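Just so it is clear: chains get the letters A, B, ... in the order the sequence lines come, proteins before strands, and each one is counted from 1. As a basis for the values below, the full set of heavy atoms in this structure was taken, side chains included, without hydrogen atoms, waters or symmetry mates.
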Amino acid sequence: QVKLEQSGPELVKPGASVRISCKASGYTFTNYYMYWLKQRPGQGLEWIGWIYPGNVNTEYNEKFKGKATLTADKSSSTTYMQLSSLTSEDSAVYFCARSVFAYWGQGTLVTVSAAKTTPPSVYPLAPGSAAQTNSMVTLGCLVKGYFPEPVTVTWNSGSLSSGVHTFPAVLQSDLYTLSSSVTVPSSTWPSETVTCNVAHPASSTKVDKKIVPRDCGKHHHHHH
Amino acid sequence: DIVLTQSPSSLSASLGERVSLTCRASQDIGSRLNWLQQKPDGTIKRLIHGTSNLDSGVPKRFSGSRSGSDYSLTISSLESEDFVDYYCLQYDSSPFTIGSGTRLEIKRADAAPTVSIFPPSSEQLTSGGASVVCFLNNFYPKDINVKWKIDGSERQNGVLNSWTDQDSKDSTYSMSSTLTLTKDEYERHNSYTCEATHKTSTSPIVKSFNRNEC
Ligand code: NA
């Protein structure tokens, strides 16, 4: 019956600030402590601090004091966390939890970046040489410099699914970059076409990139 | 400032096996230790509170116990939904602290990676950049080393690695390594190499290309 409902994901600029909310229901809000936690991607949970709604007293992990400010609204049964002077180390999922870590909100992802919405550049990844016959060849697509997440990558518009995987994106210098891999029999390429399809809904772009053999040729991209 | 040391950070295990995660507290914390579970979609749930009480909605395969300053979460018979992240935490003193967590993964036999190196495409060079990429695909166990060399000299700056999640169908891992240089730097050198080494390797796997060659 206890529920904690947080606000959605945010994109914020470095040096700016962001306010996250956690609406509580199903229990008397003033009788329990509220907690805020941080989780950098791929890393562990960190405790930010608590706020007791009955008097809005607060205690912080010393590491976050001044960086995070907790507040609570007794009538609305909502706790807020405000993050100030953001930097890239602040991109993370932030969680709300009721004492004693008994119930949890779903998490709110905060992404800090100076970037404007930016469609990906899509680049072919073809072998540098050493073609081997009667085997498998691995090709790929480099999806680079886009913002914000996400992108969808498909191969031969779904025809090539055997031996396909896309690596998770990495946010570097304010923009994301990811690559996707596909493995097909050598008898099927280059004799038959292999193409990656890349969708980026924030920028409304959709692009196809045929993979062709490497050589010293210039301008393959104007034709593929 | 209590330190909780959770171990191991990665636990390989199999369906139906019994396993025990451990959390050693740097100071006496009595019974005030909780265990949390975190699913891949990011959601978190408390499994146990006060060292041994199961939380409502927790299957009884989960149990928790204590032995001196060593606390343990035990799963009697692993189900597939259990290969996820787990964290211990203490509320005996503030600030509250959390262990670094444990990820359960599926054990399988050793598998050598397939390594591919990809020279930058012509398009990228016209825009001023040069990303060389290397794929290390379908290997097991997850740990692996990758090294970039430019004309025989190892390069560590400008390198960015990314790992896939354990594959749902064959339990292998894959990793991509991308080296990004200015277009001008890439043209000052000829040879480029991705060198991988894994526990399955008798010798390192060397993949390379020469820029002035086709
Ligand atoms: Na080299």
Determine whether the side chains of [X] and [Y] contain a donor N or O and an acceptor N or O closer than 3.5 Å.
X: A:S17; Y: A:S84; result: no
X: B:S63; Y: B:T74; result: no
X: A:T79; Y: A:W36; result: yes

If we only count heavy atoms from C-beta on, is the A:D90 to A:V18 side-chain gap below 4.5 Å? no

Classify the ring geometry between A:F167 and A:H165 as parallel (under 30°), tilted (30 to 60°) or perpendicular (over 60°). perpendicular

Going by the angle between their ring planes, with limits at 30° and 60°, are B:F209 and B:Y186 parallel, tilted or perpendicular? tilted

Grab the two heavy atoms, one from [X] and one from [Y], that are nearest each other, plus how far apart they are.
X: A:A126; Y: A:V212; value: CB-O, 3.4 Å
X: A:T108; Y: A:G8; value: CG2-O, 3.3 Å
X: B:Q6; Y: B:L21; value: NE2-CD2, 4.4 Å
X: A:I211; Y: A:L125; value: CG2-O, 3.8 Å
X: B:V19; Y: B:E17; value: CG1-CG, 3.5 Å
X: A:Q106; Y: A:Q6; value: NE2-O, 2.8 Å

Cation-pi check for A:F101 against B:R46: NZ or CZ below 6.0 Å from the six-membered ring centre and within 45 degrees of the axis, yes or no? no

Full working for side-chain hydrogen bond (donor to acceptor under 3.5 Å, both in side chains) between A:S180 and A:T166: CA-CA 4 Å; A:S180 178; A:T166 295; 2.8 Å; yes

At what distance, to the nearest 0.5 angstrom, does OG of B:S208 lie from CH2 of B:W148? 10.5 Å

Are any of the side-chain nitrogens in A:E46 or A:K63 under 4.0 Å away from the carboxylate oxygens of its partner? yes

Do NZ/NE/NH1/NH2 and the carboxylate oxygens of B:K199 and B:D143 come within less than 4.0 Å? no

Flag yes if more than 12 heavy atoms outside B:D41 fall under 6.0 Å of its CG atom; otherwise flag no. yes

Is it true that, when you exclude A:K206 itself, more than 12 heavy atoms of the residues, nucleotides or ligands shown sit nearer than 6.0 Å to its NZ? yes

Evaluate the criterion salt bridge (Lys or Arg N to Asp or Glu O under 4.0 Å) for residue pair A:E89 and A:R40; output intermediate values, then yes/no. CA-CA 8 Å; A:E89 198 73 26; A:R40 297 259 303 126; 3.1 Å; yes

If only atom types and distance count, is the side chain of B:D110 paired as donor or acceptor with the main-chain N or O of B:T200 below 3.5 Å? no

Assess whether side-chain hydrogen bond (donor to acceptor under 3.5 Å, both in side chains) is satisfied between B:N137 and A:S181, documenting all intermediate values. CA-CA 9 Å; B:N137 287 342; A:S181 174; 2.9 Å; yes

Of B:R108, B:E105, B:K107, the one forming a side-chain hydrogen bond (donor to acceptor under 3.5 Å, both in side chains) with B:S12 is B:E105

